[PDB]
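K.L.:
Let me give you the structure first, and then I'll get to my questions.
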Amino acid sequence: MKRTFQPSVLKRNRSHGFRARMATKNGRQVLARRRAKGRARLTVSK
Amino acid sequence: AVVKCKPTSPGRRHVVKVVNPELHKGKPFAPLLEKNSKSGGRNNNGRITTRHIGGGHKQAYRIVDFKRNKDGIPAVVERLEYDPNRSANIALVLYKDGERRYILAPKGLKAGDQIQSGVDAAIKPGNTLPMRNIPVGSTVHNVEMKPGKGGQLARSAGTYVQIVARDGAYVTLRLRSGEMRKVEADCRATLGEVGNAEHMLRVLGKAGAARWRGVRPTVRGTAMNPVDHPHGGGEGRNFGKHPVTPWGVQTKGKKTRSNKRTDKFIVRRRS
RNA sequence: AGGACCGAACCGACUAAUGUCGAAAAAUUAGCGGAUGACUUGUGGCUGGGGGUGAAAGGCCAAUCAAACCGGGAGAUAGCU
RNA sequence: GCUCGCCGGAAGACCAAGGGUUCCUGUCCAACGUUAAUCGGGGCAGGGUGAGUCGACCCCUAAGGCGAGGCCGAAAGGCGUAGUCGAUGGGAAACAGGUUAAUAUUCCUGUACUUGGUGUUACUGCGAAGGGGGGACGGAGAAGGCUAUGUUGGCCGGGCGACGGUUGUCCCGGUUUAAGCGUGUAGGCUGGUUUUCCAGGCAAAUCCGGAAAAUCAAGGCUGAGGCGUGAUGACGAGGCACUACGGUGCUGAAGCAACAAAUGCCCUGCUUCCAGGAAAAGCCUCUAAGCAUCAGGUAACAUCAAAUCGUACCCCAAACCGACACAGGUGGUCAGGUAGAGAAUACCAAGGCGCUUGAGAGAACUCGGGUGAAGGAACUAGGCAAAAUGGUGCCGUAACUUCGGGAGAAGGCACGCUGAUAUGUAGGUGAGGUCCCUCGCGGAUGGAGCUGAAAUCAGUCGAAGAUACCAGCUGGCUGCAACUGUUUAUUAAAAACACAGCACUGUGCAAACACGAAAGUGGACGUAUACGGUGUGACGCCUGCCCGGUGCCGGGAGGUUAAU
RNA sequence: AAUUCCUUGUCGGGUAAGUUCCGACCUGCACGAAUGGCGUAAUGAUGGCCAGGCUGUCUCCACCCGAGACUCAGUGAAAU
RNA sequence: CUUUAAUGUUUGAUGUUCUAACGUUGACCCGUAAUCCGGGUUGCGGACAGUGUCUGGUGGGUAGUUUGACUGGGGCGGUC
């Protein structure tokens with residue numbers, strides 16, 4: 001059984017990386033909400 | 001030539017091949033080649049616009065000369081090649097100045113034949129002449145709608161258009177569809193009929209031929225659910241509805257021609 | 001030459017048995033069909049919700065789909081328990 | 001430490017993705033390991049990752065993303081040019097041995113290679129986002145030359161041996177050596193040399209292409225392998241001396257021939273097929289602008305630099321995804337010996353493991369199997385499951401048929417071992433000698449030597465010789481569907497879906513149709529022998545009547561008919 | 001008949017026994033000609049029936065080989 | 001005033017011709033090492049096509065809704 005999650009750091013970074021988030025304002029709004037909530041991990045990164 | 005394969009097995013039982021012995025058995029002219037990435041029916045938005053398109057063997061686009069701007073330059077037909085993009089076969093043409101191009105191959109053209117474009121052209125097949133110079137009552141192919149466009153009529157295999165009348169600056173052309181169209185005389189045209197007239201004889205044998213030719217399976221409306229198609233639904237193959245397109249437009253005998261712009265050039269419709 | 005034949009890798013699950021608080025939130029054993037093509041697979045992208053895709057079953061869309069998930073209207077309304 | 005068992009196309013070794021110190025040592029059983037534990041992938045401390053040649057990095061780019069100007073859109077934003085990203089691809093270079101408890105193609109020893117800067121020497125025209133060649137390509141299939149690899153023989157060192165014999169045609173282990181350099185063959189491709197001209201290559205060109213000629217008929221490109229050097233070097237069985245008794249130092253003989261042979265190289269090769277099989281950069285060449293006492297380039301020499309990042313460990317698993325130390329899933333590479341057609345199957349080498357609860361007894365019952373008296377489907381919805389055949393060679397093979405098939409139809413006989421044919425045949429390979437040579441990796445004879453099926457006779461042991469694993473049950477009637485194929489991941493694989501064919505209809509190309517407030521796209525860089533929709537579904541007979549109701553097309557005589 | 005209430009329609013084959021199957025008739029509730037009718041070689045992990053071998057499916061179960069079940073030592077849940 | 005007629009006037013519906021609006025997903029040149037876009041010339045259509053407001057018709061394609069109650073198995077039948 002191949003489960004839903006098949007890790008691939010390149011895909012992770014290119015789909016949920018900070019650059020991708022800032023590419024569109026919606027991701028910028030997500031980042032703003034994360035900062036307002038004060039999460040230590042703003043996004044997924046090494 | 002048309003040949004029928006022996007029924008060595010199902011799939012080969014109904015295969016009828018269209019073999020052209022004189023075609024070039026070698027690589028095409030690389031300088032005139034161009035990449036042709038498939039779209040699979042997708043568009044800029046990426047959604048499927050036209051269905052039943054996808055897959056198929058890779059094919060490289062050939063830059064085929066249509067406008068034929070080499071006026072007054074005699075040229076020789078080096079050889080004939082099969083163009084996957086077009087339904088007919090293309091011909092490599094070398095001009096006296098030392099350049100090679102591709103043209104549509106008429107029925108009467110073969111290797112080593114002489115052709116020439118421009119107004120000062122004869123009536124032999126392959127020559128390019130405006131309808132004003134072309135005598136009335138002749139069959140032509142690769143005709144232009146406007147000067148310099150390149151050519152849009154009679155580009156398939158074994159097709160042609162007949163010159164019927166001459167209304168001064170305009171010429172009447174009967175197309176293979178029975179359409180009587182009016183075209184400005186300044187437009188160019190090529191004499192003769194396109195080659196590979198036996199294109200209909202091919203039957204493709206099996207599913208795989210169409211599958212790798214670029215056509216995907218077609219699903220009938222009756223087999224679809226009501227949520228997707230206007231047809232379908234009901235136990236036991238029930239239709240109870242007039243034929244309609246998947247999008248609600250009534251098909252099977254409903255004219256979709258609403259332009260009112262080019263109708264001035266339309267003399268008669270199909271019948 | 002074959003959308004050919006028998007048959008390994010590979011793909012799938014047609015039958016039986018076990019397992020249903022199981023080794024496993026559909027699995028294991030022997031049979032089973034394809035195995036040069038309409039085949040399969042690795043990598044990278046495109047098609048985003050009344051929308052996508054769909055050889056079409058109302059099938060799949062992150063173990064959830066006759067309309068996914070996340071937050072808000074919202075302490076929706078409930079003559080009901 | 002010695003026995004017994006398992007994998008060995010893996011249950012072995014490398015990696016890619018994915019983890020982040022799980023890797024080694026010292027130290028402890030507080031918590032975890034489905035039991036204990038001194039043990040561990042557990043707790044604490046220390047050490048460990050060395051690159052011009054590996055990869056990333058970097059030049060170019062496909063699908064695709066972003067997108068200066070620009071178009072459109074209430075705003076957000078959507079499309080898109082020039083440009084820039086984007087490896088799943090193309091571009092330059094290293095191999096052998098040794099070493100740590102943990103690194104090695106990185107460190108040490110030896111031999112090399114590639115790209116640029118600087119300087120010296122001798123020549124010379126250089127010079128591009130520009131032009132040309134190359135880069136540069138599909139499916140299927142056959143042969144030949146080879147190699148990795150394996151078998152045998154000779155040689156070397158040792159042994160003759162606890163239950164019979166083993167100085168003999170006997171047994172054990174080795175017989176390995178790279179990259180680079182020069183020769184360049186087997187093979188493949190292509191006709192060359194010279195002159196003149198041309199509106200072509202969006203301007204030019206000595207470059208490409210084309211047109212004329214005189215000459216020879218060869219030249220040129222690519223190209224595995226083998227051969228010498230690399231290498232009187234490393235490695236090498238075994239022996240010798242000390243052992244914190246795990247281990248360290250010295251020494252070190254032969255290192256050859258034949259056969260078979262690959263899915264790996266010649267091969268991006270060669271022959272056919274239609275489904276016609278990426279792009280750009282590096283690289284060679286030509287010139288525009290500008291300079292040609294310069295600058296720049298070429299050839300030889302010396303020197304400098306090649307930065308930065310990962311290098312441990314697991315990587316078919318205890319370390320990745322499955323909440324677990326989970327009978328599941330995970331891409332590529334090497335993958336040997338015997339029997340075997342085979343990467344199947346049976347036993348093994350190398351290498352890795354006995355899967356983290358066991359000790360007793362041998363109740364019913366459950367799970368996986370073995371055997372079975374007589375009947376052989378009488379059990380059951382149903383031959384469900386089980387049982388049975390199963391391979392090679394030879395003879396033979398029905399009805400129908402689209403003449404291909406059915407068919408491996410069905411159905412009949414021989415398979416072990418030894419001797420002879422033949423002190424191993426046919427066949428394959430092929431030494432030395434002899435003769436030529438357009439003289440070397442050259443051509444004939446020749447068979448030394450090695451390998452080596454298939455078949456006949458005779459004999460012989462066994463109840464059975466395809467003796468183990470592996471390995472179709474068979475035929476007839478019959479509905480469905482032409483067939484192959486796909487579907488409800490996770491109760492339905494089918495008569496359902498799809499299919500090649502057929503018929504109607506729409507579209508003249510700023511085409512119809514669909515995504516989009518619109519741009520713009522697919523259709524299509526295609527075009528009536530082209531594309532979309534509909535219904536049926538190979539092939540043969542065909543597809544009868546009906547226009548009243550509802551759609552579609554054409555008509556306008558006459559009545560109604562909004563905005564204005 | 002993949003269509004049929006009456007129905008297991010009537011007749012012959014297959015078994016001694018056949019609501020299934022094959023062939024013949026049509027009294028077609030309620031087949032029918034491209035939402036196709038009629039045949040069709042080959043094809044099918046397709047539906048039904050029959051015949052040959054085979055056997056533990058069964059008459060009717062019996063023994064044996066391994067893991068559970070049972071006893072001991074250590075760890076130690078659940079539904080309710 | 002009922003009935004008519006040349007001239008000059010308001011003009012509308014229709015027909016033919018022209019271009020100066022508009023279209024050009026026709027050709028050439030430039031911004032530009034540019035299939036985008038804009039500009040300049042030309043050709044072809046041309047007051048057509050197309051767009052904006054109102055308006056007649058079609059419009060289960062899409063969106064919001066309804067489909068009463070009594071009713072002894074259900075609906076039917078019957079009543080309000």
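Residues are referred to by chain and number: the chain letter is A, B, ... according to the order shown in the structure tokens, the number counts from 1 in that chain, and ligands are numbered separately from 1 in the order shown.
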Run DSSP on the backbone and give me the residues of chain A it puts in helix (DSSP H, G or I), as a list in words.
P.N.:
residues 9, 10, 11, 12, 13, 14, 15, 16, 18, 19, 20, 21, 22, 23, 25, 26, 27, 28, 29, 30, 31, 32, 33, 34, 35, 36 and 37 of chain A
K.L.:
Next, dump the selected residues to file, keeping only N, CA and C atoms, as a CSV table (one decimal), in the first residue's frame.
P.N.:
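Written out: result-v8.csv:
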chain,number,residue,atom,x,y,z
A,9,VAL,N,11.0,16.7,-1.0
A,9,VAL,CA,11.3,18.0,-0.5
A,9,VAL,C,11.2,19.0,-1.6
A,10,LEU,N,11.6,18.7,-2.8
A,10,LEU,CA,11.4,19.7,-3.9
A,10,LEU,C,10.0,20.0,-4.1
A,11,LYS,N,9.1,19.0,-4.1
A,11,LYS,CA,7.7,19.3,-4.3
A,11,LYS,C,7.1,20.1,-3.1
A,12,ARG,N,7.5,19.7,-1.9
A,12,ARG,CA,7.1,20.4,-0.7
A,12,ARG,C,7.4,21.9,-0.8
A,13,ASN,N,8.7,22.2,-1.1
A,13,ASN,CA,9.1,23.6,-1.2
A,13,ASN,C,8.4,24.3,-2.3
A,14,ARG,N,8.2,23.7,-3.5
A,14,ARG,CA,7.7,24.4,-4.6
A,14,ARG,C,6.1,24.6,-4.5
A,15,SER,N,5.5,23.8,-3.6
A,15,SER,CA,4.1,23.9,-3.5
A,15,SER,C,3.6,24.6,-2.2
A,16,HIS,N,4.4,24.6,-1.2
A,16,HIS,CA,4.1,25.3,0.1
A,16,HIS,C,5.2,26.2,0.6
A,18,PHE,N,7.8,29.5,1.1
A,18,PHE,CA,7.5,30.9,1.3
A,18,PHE,C,7.5,31.6,0.0
A,19,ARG,N,8.3,31.3,-1.0
A,19,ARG,CA,8.3,32.0,-2.2
A,19,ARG,C,7.0,31.7,-2.9
A,20,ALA,N,6.5,30.5,-2.9
A,20,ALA,CA,5.2,30.2,-3.5
A,20,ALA,C,4.1,31.0,-2.8
A,21,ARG,N,4.1,31.0,-1.5
A,21,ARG,CA,3.1,31.8,-0.7
A,21,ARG,C,3.1,33.2,-1.1
A,22,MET,N,4.3,33.9,-1.2
A,22,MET,CA,4.3,35.3,-1.5
A,22,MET,C,4.0,35.5,-3.0
A,23,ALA,N,4.1,34.5,-3.9
A,23,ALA,CA,3.8,34.7,-5.3
A,23,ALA,C,2.4,35.3,-5.5
A,25,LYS,N,-1.2,37.0,-3.5
A,25,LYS,CA,-1.6,37.7,-2.2
A,25,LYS,C,-2.3,36.8,-1.3
A,26,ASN,N,-3.0,35.8,-1.8
A,26,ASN,CA,-3.7,34.8,-0.9
A,26,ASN,C,-2.7,34.1,0.0
A,27,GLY,N,-1.6,33.7,-0.5
A,27,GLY,CA,-0.5,33.2,0.3
A,27,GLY,C,0.1,34.2,1.3
A,28,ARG,N,0.1,35.5,0.8
A,28,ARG,CA,0.6,36.5,1.7
A,28,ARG,C,-0.4,36.7,2.8
A,29,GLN,N,-1.7,36.6,2.6
A,29,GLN,CA,-2.7,36.7,3.6
A,29,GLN,C,-2.5,35.5,4.6
A,30,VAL,N,-2.2,34.3,4.1
A,30,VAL,CA,-2.0,33.2,4.9
A,30,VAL,C,-0.8,33.4,5.8
A,31,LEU,N,0.3,34.0,5.3
A,31,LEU,CA,1.4,34.3,6.1
A,31,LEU,C,1.1,35.3,7.1
A,32,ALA,N,0.3,36.3,6.8
A,32,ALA,CA,-0.1,37.4,7.8
A,32,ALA,C,-0.9,36.7,8.9
A,33,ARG,N,-1.8,35.8,8.6
A,33,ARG,CA,-2.6,35.1,9.6
A,33,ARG,C,-1.6,34.3,10.5
A,34,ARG,N,-0.7,33.6,9.9
A,34,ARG,CA,0.3,32.8,10.7
A,34,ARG,C,1.1,33.7,11.6
A,35,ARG,N,1.5,34.9,11.1
A,35,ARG,CA,2.3,35.8,12.0
A,35,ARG,C,1.4,36.3,13.1
A,36,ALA,N,0.2,36.7,12.8
A,36,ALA,CA,-0.7,37.1,13.8
A,36,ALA,C,-1.0,36.1,14.9
A,37,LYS,N,-1.2,34.8,14.5
A,37,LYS,CA,-1.3,33.7,15.5
A,37,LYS,C,0.0,33.4,16.2
K.L.:
Skipping near chain neighbours, those fewer than 5 positions away, what residues fall within 12 Å of residue B:238 using only C-alpha atoms (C1' of nucleotides), listed as number ranges by chain?
P.N.:
B: 221-226, 231-233; E: 35
K.L.:
Please produce, as a Markdown table, a per-residue contact table for stretch 129-204 of chain B versus stretch 12-23 of chain B (criterion: any atom at most 8 Å away, only C-alpha atoms considered), showing the nearest atom pair and its distance in Å to one decimal, sorted by chain then residue number.
P.N.:
| residue | atom | partner | partner_atom | distance |
| --- | --- | --- | --- | --- |
| B:198 | CA | B:18 | CA | 7.3 |
| B:199 | CA | B:18 | CA | 7.3 |
| B:201 | CA | B:16 | CA | 7.1 |
| B:202 | CA | B:16 | CA | 5.5 |
| B:203 | CA | B:16 | CA | 5.9 |
| B:204 | CA | B:15 | CA | 6.1 |
K.L.:
Go ahead and save the residues from that selection, with N, CA, C and O atoms, as a short mmCIF file (atom, residue, chain, number, x, y, z; two decimals), in the first residue's frame.
P.N.:
data_model
loop_
_atom_site.label_atom_id
_atom_site.label_comp_id
_atom_site.auth_asym_id
_atom_site.auth_seq_id
_atom_site.Cartn_x
_atom_site.Cartn_y
_atom_site.Cartn_z
N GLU B 198 -6.47 8.48 -52.43
CA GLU B 198 -6.95 7.25 -51.82
C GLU B 198 -6.97 7.31 -50.30
O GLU B 198 -6.91 6.26 -49.64
N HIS B 199 -7.04 8.51 -49.73
CA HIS B 199 -6.99 8.65 -48.27
C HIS B 199 -8.18 7.98 -47.60
O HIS B 199 -8.08 7.58 -46.43
N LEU B 201 -9.59 5.12 -48.32
CA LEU B 201 -9.55 3.66 -48.31
C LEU B 201 -9.03 3.11 -46.98
O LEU B 201 -9.39 1.99 -46.59
N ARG B 202 -8.20 3.87 -46.27
CA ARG B 202 -7.69 3.40 -44.99
C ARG B 202 -8.83 3.25 -43.99
O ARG B 202 -9.71 4.11 -43.89
N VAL B 203 -8.82 2.14 -43.25
CA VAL B 203 -9.84 1.87 -42.25
C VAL B 203 -9.28 1.81 -40.83
O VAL B 203 -10.06 1.77 -39.88
N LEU B 204 -7.95 1.80 -40.67
CA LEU B 204 -7.30 1.86 -39.36
C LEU B 204 -7.43 0.55 -38.59
O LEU B 204 -6.89 0.43 -37.49
#
K.L.:
Between D:424, D:115, D:332, D:107, which is the closest to residue C:41 once you count only C-alpha atoms (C1' of nucleotides)?
P.N.:
D:332
K.L.:
Taking only C-alpha atoms (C1' of nucleotides) into account and nothing else, which residues of chain C lie no more than 10 Å away from chain A? Please answer as an NGL selection string.
P.N.:
:C and (24 or 27 or 44 or 62-63)
K.L.:
Pull the closest atom pair for each residue of chain B that gets at most 10 Å from chain E, along with the distance in Å to one decimal, counting only C-alpha atoms (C1' of nucleotides), ordering rows by chain and then ascending residue number, as JSON lines.
P.N.:
{"residue": "B:9", "atom": "CA", "partner": "E:42", "partner_atom": "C1'", "distance": 8.8}
{"residue": "B:10", "atom": "CA", "partner": "E:42", "partner_atom": "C1'", "distance": 8.3}
{"residue": "B:222", "atom": "CA", "partner": "E:35", "partner_atom": "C1'", "distance": 8.5}
{"residue": "B:236", "atom": "CA", "partner": "E:35", "partner_atom": "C1'", "distance": 9.3}
{"residue": "B:237", "atom": "CA", "partner": "E:35", "partner_atom": "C1'", "distance": 6.3}
{"residue": "B:238", "atom": "CA", "partner": "E:35", "partner_atom": "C1'", "distance": 6.7}
{"residue": "B:239", "atom": "CA", "partner": "E:35", "partner_atom": "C1'", "distance": 6.5}
{"residue": "B:240", "atom": "CA", "partner": "E:35", "partner_atom": "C1'", "distance": 9.1}
K.L.:
What's around stretch 549-558 of chain D at 10 Å? Count only C-alpha atoms (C1' of nucleotides), leave out sequence neighbours fewer than 5 positions away in its own chain, and write the answer as a ChimeraX atom specification.
P.N.:
/B:241-243,250-255
K.L.:
Could you please take those selected residues and save N, CA and C atoms as a PDB file, in the first residue's frame?
P.N.:
ATOM      1  N   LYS B 241     -35.908  11.780 -25.393  1.00  0.00           N
ATOM      2  CA  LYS B 241     -35.509  13.172 -25.541  1.00  0.00           C
ATOM      3  C   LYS B 241     -35.008  13.404 -26.958  1.00  0.00           C
ATOM      4  N   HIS B 242     -35.205  14.627 -27.445  1.00  0.00           N
ATOM      5  CA  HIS B 242     -34.665  15.001 -28.740  1.00  0.00           C
ATOM      6  C   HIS B 242     -33.137  15.046 -28.675  1.00  0.00           C
ATOM      7  N   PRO B 243     -32.449  14.696 -29.765  1.00  0.00           N
ATOM      8  CA  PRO B 243     -30.985  14.790 -29.753  1.00  0.00           C
ATOM      9  C   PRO B 243     -30.526  16.202 -29.425  1.00  0.00           C
ATOM     10  N   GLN B 250     -29.473  22.031 -29.383  1.00  0.00           N
ATOM     11  CA  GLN B 250     -30.153  20.989 -30.143  1.00  0.00           C
ATOM     12  C   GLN B 250     -29.364  20.691 -31.411  1.00  0.00           C
ATOM     13  N   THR B 251     -28.830  19.479 -31.502  1.00  0.00           N
ATOM     14  CA  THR B 251     -28.050  19.034 -32.643  1.00  0.00           C
ATOM     15  C   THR B 251     -28.940  18.250 -33.609  1.00  0.00           C
ATOM     16  N   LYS B 252     -28.311  17.573 -34.572  1.00  0.00           N
ATOM     17  CA  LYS B 252     -29.028  16.740 -35.529  1.00  0.00           C
ATOM     18  C   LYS B 252     -29.987  17.582 -36.362  1.00  0.00           C
ATOM     19  N   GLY B 253     -29.466  18.605 -37.039  1.00  0.00           N
ATOM     20  CA  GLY B 253     -30.254  19.399 -37.968  1.00  0.00           C
ATOM     21  C   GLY B 253     -30.592  20.790 -37.472  1.00  0.00           C
ATOM     22  N   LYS B 254     -29.642  21.439 -36.799  1.00  0.00           N
ATOM     23  CA  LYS B 254     -29.797  22.823 -36.364  1.00  0.00           C
ATOM     24  C   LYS B 254     -28.606  23.626 -36.861  1.00  0.00           C
ATOM     25  N   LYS B 255     -28.873  24.616 -37.711  1.00  0.00           N
ATOM     26  CA  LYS B 255     -27.803  25.424 -38.281  1.00  0.00           C
ATOM     27  C   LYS B 255     -27.201  26.327 -37.213  1.00  0.00           C
TER      28      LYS B 255
END
K.L.:
May I have the residues of chain C within 10 Å of chain B, counting only C-alpha atoms (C1' of nucleotides), written as a list in words?
P.N.:
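For chain C, the answer reads residues 1, 2, 3, 4, 37, 38, 46, 47, 52, 53, 55, 56, 57, 58 and 66 of chain C.
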K.L.:
Could you give me, as a PyMOL selection string, the residues within 8 Å of residue B:104, counting only C-alpha atoms (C1' of nucleotides) and dropping anything in the same chain fewer than 5 positions from it?
P.N.:
chain B and resi 64-66+88-91+155+194
K.L.:
Write the selection just made, keeping N, CA, C and O atoms, as a PDB file, in the first residue's frame?
P.N.:
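Full text of part-v9.pdb as output:
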ATOM      1  N   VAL B  64       5.558  24.152 -44.255  1.00  0.00           N
ATOM      2  CA  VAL B  64       5.102  23.988 -45.630  1.00  0.00           C
ATOM      3  C   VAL B  64       4.828  25.363 -46.224  1.00  0.00           C
ATOM      4  O   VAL B  64       4.136  26.188 -45.615  1.00  0.00           O
ATOM      5  N   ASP B  65       5.370  25.608 -47.414  1.00  0.00           N
ATOM      6  CA  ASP B  65       5.174  26.880 -48.096  1.00  0.00           C
ATOM      7  C   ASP B  65       3.798  26.891 -48.753  1.00  0.00           C
ATOM      8  O   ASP B  65       3.500  26.040 -49.598  1.00  0.00           O
ATOM      9  N   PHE B  66       2.964  27.852 -48.364  1.00  0.00           N
ATOM     10  CA  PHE B  66       1.615  27.999 -48.900  1.00  0.00           C
ATOM     11  C   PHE B  66       1.438  29.245 -49.750  1.00  0.00           C
ATOM     12  O   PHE B  66       0.821  29.177 -50.815  1.00  0.00           O
ATOM     13  N   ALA B  88      -2.467  14.784 -46.573  1.00  0.00           N
ATOM     14  CA  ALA B  88      -1.826  14.482 -47.841  1.00  0.00           C
ATOM     15  C   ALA B  88      -0.314  14.397 -47.644  1.00  0.00           C
ATOM     16  O   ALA B  88       0.197  14.455 -46.521  1.00  0.00           O
ATOM     17  N   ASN B  89       0.415  14.259 -48.748  1.00  0.00           N
ATOM     18  CA  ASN B  89       1.866  14.179 -48.736  1.00  0.00           C
ATOM     19  C   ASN B  89       2.462  15.477 -49.265  1.00  0.00           C
ATOM     20  O   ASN B  89       1.900  16.119 -50.157  1.00  0.00           O
ATOM     21  N   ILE B  90       3.606  15.859 -48.704  1.00  0.00           N
ATOM     22  CA  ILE B  90       4.278  17.088 -49.083  1.00  0.00           C
ATOM     23  C   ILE B  90       5.370  16.756 -50.091  1.00  0.00           C
ATOM     24  O   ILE B  90       5.794  15.608 -50.239  1.00  0.00           O
ATOM     25  N   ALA B  91       5.833  17.784 -50.799  1.00  0.00           N
ATOM     26  CA  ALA B  91       6.868  17.640 -51.813  1.00  0.00           C
ATOM     27  C   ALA B  91       7.985  18.629 -51.525  1.00  0.00           C
ATOM     28  O   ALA B  91       7.723  19.813 -51.280  1.00  0.00           O
ATOM     29  N   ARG B 155      -7.014  22.124 -49.218  1.00  0.00           N
ATOM     30  CA  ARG B 155      -5.723  21.745 -48.664  1.00  0.00           C
ATOM     31  C   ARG B 155      -5.663  20.295 -48.209  1.00  0.00           C
ATOM     32  O   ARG B 155      -4.566  19.796 -47.936  1.00  0.00           O
ATOM     33  N   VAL B 194      -4.990  17.901 -55.320  1.00  0.00           N
ATOM     34  CA  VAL B 194      -4.055  17.382 -54.334  1.00  0.00           C
ATOM     35  C   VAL B 194      -3.896  15.875 -54.525  1.00  0.00           C
ATOM     36  O   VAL B 194      -4.816  15.178 -54.971  1.00  0.00           O
TER      37      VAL B 194
END
K.L.:
Extract the full set of strand (DSSP E) residues from stretch 69-130 of chain B according to DSSP on the backbone, and format it as a list in words.
P.N.:
residues 75, 76, 77, 78, 79, 80, 81, 82, 89, 90, 91, 92, 93, 94, 95, 100, 101, 102, 103, 104, 114, 115, 128, 129 and 130 of chain B
K.L.:
Taking only residues of chain B that have an atom at most 7 Å from an atom of chain F, what is each one's shortest atom pair and its distance in Å to one decimal, using only C-alpha atoms (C1' of nucleotides), in chain and number order, as a Markdown table?
P.N.:
| residue | atom | partner | partner_atom | distance |
| --- | --- | --- | --- | --- |
| B:146 | CA | F:26 | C1' | 5.8 |
| B:147 | CA | F:26 | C1' | 6.1 |
| B:148 | CA | F:27 | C1' | 6.1 |
| B:149 | CA | F:26 | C1' | 5.9 |
| B:247 | CA | F:61 | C1' | 6.9 |
| B:248 | CA | F:61 | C1' | 6.0 |
| B:260 | CA | F:49 | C1' | 6.6 |
| B:261 | CA | F:49 | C1' | 5.2 |
K.L.:
Would you mind listing, for every residue of chain D within 7 Å of chain B, the two atoms forming the shortest contact and the distance between them in Å to one decimal, using only C-alpha atoms (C1' of nucleotides), sorted by chain and ascending residue number, as CSV?
P.N.:
residue,atom,partner,partner_atom,distance
D:198,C1',B:97,CA,6.6
D:200,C1',B:97,CA,5.1
D:209,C1',B:98,CA,5.4
D:210,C1',B:98,CA,4.0
D:275,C1',B:57,CA,5.5
D:276,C1',B:84,CA,6.6
D:277,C1',B:58,CA,6.0
D:278,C1',B:35,CA,6.7
D:404,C1',B:8,CA,4.5
D:483,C1',B:10,CA,5.9
D:498,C1',B:217,CA,6.4
D:499,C1',B:207,CA,5.1
D:500,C1',B:206,CA,4.2
D:504,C1',B:252,CA,6.8
D:505,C1',B:252,CA,4.3
D:506,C1',B:255,CA,6.1
D:512,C1',B:256,CA,6.7
D:514,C1',B:49,CA,4.4
D:515,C1',B:49,CA,5.9
D:521,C1',B:43,CA,5.3
D:522,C1',B:43,CA,4.8
D:523,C1',B:50,CA,6.6
D:527,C1',B:155,CA,6.5
D:528,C1',B:177,CA,5.5
D:529,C1',B:157,CA,5.7
D:530,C1',B:156,CA,6.5
D:533,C1',B:245,CA,5.7
D:534,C1',B:243,CA,6.3
D:551,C1',B:242,CA,6.7
D:552,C1',B:253,CA,5.5
K.L.:
Using only C-alpha atoms (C1' of nucleotides), which residues sit within 12 Å of residue F:70 once same-chain residues fewer than 3 positions away are excluded, as an MDAnalysis selection string?
P.N.:
chainID F and resid 78:80
K.L.:
Atom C1' of residue F:25 and atom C1' of residue D:532, how far apart in Å?
P.N.:
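Separation of atom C1' of residue D:532 and atom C1' of residue F:25: 21.0 Å.
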K.L.:
Would you kindly report the residues of chain D within 6 Å of chain A, using only C-alpha atoms (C1' of nucleotides), as a VMD selection string?
P.N.:
chain D and resid 321 328 to 329
K.L.:
Please report the interatomic distance between atom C1' of residue D:501 and atom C1' of residue D:482 in Å with one decimal.
P.N.:
11.3 Å
K.L.:
Which value, in Å to one decimal, gives the distance between atom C1' of residue D:124 and atom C1' of residue D:297?
P.N.:
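Pair atom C1' of residue D:124 / atom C1' of residue D:297 returns 7.9 Å.
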